[PDB]
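Worth knowing before you read on, the calculation uses all heavy atoms, side chains too, and leaves out hydrogens, waters and symmetry mates. In what follows, chains are A, B, ... by sequence order, proteins preceding strands, each numbered from 1.
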Amino acid sequence: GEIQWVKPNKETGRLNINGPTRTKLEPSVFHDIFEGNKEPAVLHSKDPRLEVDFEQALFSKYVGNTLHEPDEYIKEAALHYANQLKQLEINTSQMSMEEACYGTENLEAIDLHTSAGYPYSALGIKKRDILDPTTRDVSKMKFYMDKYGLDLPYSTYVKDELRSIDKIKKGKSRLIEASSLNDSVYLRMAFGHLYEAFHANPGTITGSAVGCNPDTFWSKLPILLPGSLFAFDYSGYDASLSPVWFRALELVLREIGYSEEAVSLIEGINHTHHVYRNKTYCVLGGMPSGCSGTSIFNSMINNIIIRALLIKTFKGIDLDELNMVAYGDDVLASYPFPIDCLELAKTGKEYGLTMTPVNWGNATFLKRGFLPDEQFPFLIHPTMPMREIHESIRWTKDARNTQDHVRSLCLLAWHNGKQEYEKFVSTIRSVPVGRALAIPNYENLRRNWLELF
RNA sequence: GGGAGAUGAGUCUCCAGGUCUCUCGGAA
RNA sequence: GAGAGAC
Ligand SMILES: Nc1ccn([C@H]2CC[C@@H](COP(=O)(O)OP(=O)(O)OP(=O)(O)O)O2)c(=O)n1
Ligand SMILES: [Mg+2]
Ligand SMILES: [Zn+2]
């Protein structure tokens, strides 16, 4: 993904898009009884903690495109995945605008707490000004659709979140591409049944884990991914997607029976315009972070990538023997034969992809490890590392949130086991706020977990 | 380093995506 | 009406 040009709004006639430059995060009452190195991310160019130029660090992820049209491997990969997908019998018909605004059984309503994006956010107009779940009204949506059209620019923001001190100094804060309400409804209408189909079938048919619940899914992954585990990580996945991969995604959607009108919307994601502060810019390639179905589309393309890298690197690969589950850029996979992931990364480089540093005892996925239950080793605990639970607990947007914050942390933390869950809890109970909280009890958590099966 | 508010240099406050999972509080 | 985490 690569910026083509940059132009000030004065010249592009664009409304200016500026959000906070101060974090809502501040140390909690637990900030000092727990260790951690994460601080809120740089929002402002003059952050005293910066050691790099802020904006050039922000946009250094747009590292360019290498390839614009599929080769034979990407084509075959895309046909393999597409053929695998046919058995889901995805409905290619357009979803109703009411369904796509207010949600179905397997696709949540458009989220009305967040911005309505360009131009709406800049006009002062909000999602709930236009959408109403009491009435289920689509009329006001039709109107603003007409008035403002589609393929509107994305609103670039900077994500206000905890990050590691190193990313703070490198200025590598996270850029958000806010979606216009119009493009969200339209993309959802085109692909909503596709979303519901994926959300409904986390696993190795979809090749995706969107919609998984780690508590039970984690026991399935060894059964789902037999053979030799290989995994790796991407650096800047979304931004390093060359157009070649959007061409491949369109072949999948065509193969699964989509009209050419629905397939056309993908080029609107390949090619995006963003307003950041008071300038606008073209981006060619790259998955815009906040479009509709990014995690579905990011996971679909990951299925294409892995397939394409295998058959281009190694002779004698049977793609039918590949097993893989993806969550956007995250990936766990297996194949009957062990895979040389360095050889893999060297051809990934030829496609403009950067992969970096495997059994069940070391694997991670959605940031959790795999820990067999000692009394029932076929049941797998997803293990959020305590070091990260510690990073979260040390900060707050709001002290009234403490009891709900700590309690979510406990539902992640206990999978690490009794001895570690009790260290965590007794550290919390060493300050008087912590002793006032209702803390879920370990045997209750384990008991309710086992009953899930 | 934009805009609005409160306040009278400054101080605080508001803006900030797509989805999934879990969970707290209201409802019939 | 909210939160927390994950991509
Ligand atoms: N608020 C967020 C955070 C992440 N993601 C998705 C987009 C890509 C991936 C980024 O994961 P990171 O937390 O940045 O971990 P990483 O892959 O190791 O680091 P990076 O993507 O910055 O290189 O998650 C997202 O859509 N929204
Ligand atoms: Mg990973
Ligand atoms: Zn353009």
Whole-angstrom distance between [N] and [M], as gauged at atom [atom1]:
N      : M      : atom1 : value
B:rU13 : B:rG8  : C1'   : 16 Å
C:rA6  : B:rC14 : P     : 24 Å
B:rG26 : C:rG5  : P     : 23 Å
B:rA16 : B:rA4  : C1'   : 15 Å
B:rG2  : B:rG10 : P     : 12 Å
B:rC15 : C:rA2  : P     : 12 Å
C:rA4  : B:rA27 : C1'   : 24 Å

Inset, instruction - Mark yes or no for whether A:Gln4, through its side chain, and A:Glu2, through its backbone, hold a donor-acceptor pair below 3.5 Å. - result: yes
With sugar-phosphate meaning primed atoms plus P, OP1 and OP2, does [X] contact a base, only sugar-phosphate, or nothing at under 4.0 Å between heavy atoms?
X        : result
A:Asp160 : base
A:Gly117 : nothing
A:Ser155 : nothing
A:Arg188 : sugar-phosphate
A:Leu107 : sugar-phosphate
A:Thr21  : base
A:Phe54  : base

Within less than 4.0 Å of OP1 or OP2 of [N], is there a side-chain N or O belonging to [X]?
X        : N      : answer
A:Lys10  : B:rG2  : no
A:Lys397 : C:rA4  : yes
A:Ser292 : B:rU19 : yes
A:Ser179 : B:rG18 : no
A:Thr114 : B:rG18 : yes

Let me know the distance between [atom1] of [X] and [atom2] of [N], rounded to the nearest Å.
X        : N      : atom1 : atom2 : answer
A:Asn401 : C:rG5  : CG    : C1'   : 14 Å
A:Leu112 : B:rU19 : CG    : P     : 11 Å
A:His113 : C:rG1  : NE2   : P     : 9 Å
A:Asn298 : B:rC20 : CG    : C1'   : 13 Å
A:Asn201 : B:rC20 : CG    : P     : 14 Å
A:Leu25  : C:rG5  : CG    : P     : 9 Å
A:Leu152 : B:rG17 : CG    : P     : 16 Å
A:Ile125 : B:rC15 : CD1   : P     : 18 Å

Give me, pair by pair, the N or O atoms of the protein and of nucleotides 4-11 of chain B that are less than 3.5 Å apart, along with how far apart they are.
none

Legend entry - Base orientation of B:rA6, syn vs anti, 90° cut from 0: anti
Inset, instruction - Give a yes or no on whether a salt bridge exists between A:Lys126 and A:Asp129, defined as a side-chain N under 4.0 angstrom from a carboxylate O. - result: no
Legend entry - Qualifying side chain to side chain donor-acceptor pair (under 3.5 Å) pairs, either residue in residues 433-447 of chain A, two or more places apart: A:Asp373-A:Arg446, A:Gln375-A:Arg446, A:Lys418-A:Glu443, A:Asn441-A:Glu443
Legend entry - Counterpart base for B:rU11, defined by Watson-Crick or G-U wobble contacts under 3.5 Å: B:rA6
Legend entry - Counter-base of B:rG25, judged by Watson-Crick or G-U geometry with both distances under 3.5 Å: none
Is there a donor and acceptor pair, one atom on the side chain of [X] and one on the base of [N], closer than 3.5 Å?
X        : N      : result
A:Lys159 : B:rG17 : yes
A:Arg277 : B:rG1  : yes
A:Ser392 : C:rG5  : no

[X]-[Y] aromatic ring centre distance below 6.0 Å:
X        : Y        : value
A:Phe59  : A:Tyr281 : yes
A:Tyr118 : A:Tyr148 : no
A:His405 : A:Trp395 : no
A:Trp218 : A:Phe370 : yes

Legend entry - Partners meeting side-chain contact (heavy atoms from CB on, under 4.5 Å) with A:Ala57 (sequence neighbours left out): A:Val52, A:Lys172
Legend entry - Polar contact flag, side-chain donor to acceptor under 3.5 angstrom, A:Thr104-A:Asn106: no
Inset, instruction - Kindly check the sign of the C1'-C2'-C3'-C4' torsion at B:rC15 and name the resulting pucker, north or south. - result: south
Inset, instruction - Examine B:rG1 and say whether its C1'-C2'-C3'-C4' torsion places the sugar north (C3'-endo side) or south (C2'-endo side). - result: south
Inset, instruction - For A:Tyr62, enumerate each residue passing the ring-ring contact (aromatic ring centres under 6.0 Å, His included) test, keeping only those at least two apart in sequence or located in another chain. - result: none
Inset, instruction - Using the test ring-ring contact (aromatic ring centres under 6.0 Å, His included), find all partners of A:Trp449 that sit at least two apart in sequence or belong to another chain. - result: A:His381, A:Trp414, A:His415, A:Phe453
Legend entry - Pi stacking test for A:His405 and C:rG3: under 5.5 Å apart, planes under 30°: no
Inset, instruction - Drop me the distance from A:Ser60's OG to A:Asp53's CG, to the nearest 0.5 angstrom. - result: 10.0 Å
Legend entry - Along RNA chain B (nearest heavy atom to each residue), the more 5'-positioned of A:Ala209 and A:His44: A:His44
Inset, instruction - Go along nucleotides 21-28 of chain B 5' to 3' and tag each nucleotide: B for a protein heavy atom under 4.0 Å from its base, S when only backbone or sugar atoms are that close, - otherwise. - result: SSSS----
Legend entry - Evaluation steps, side chain to side chain donor-acceptor pair (under 3.5 Å), between A:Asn9 and A:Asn16: CA-CA 7 Å; A:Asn9 289 8; A:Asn16 287 5; 2.6 Å; yes
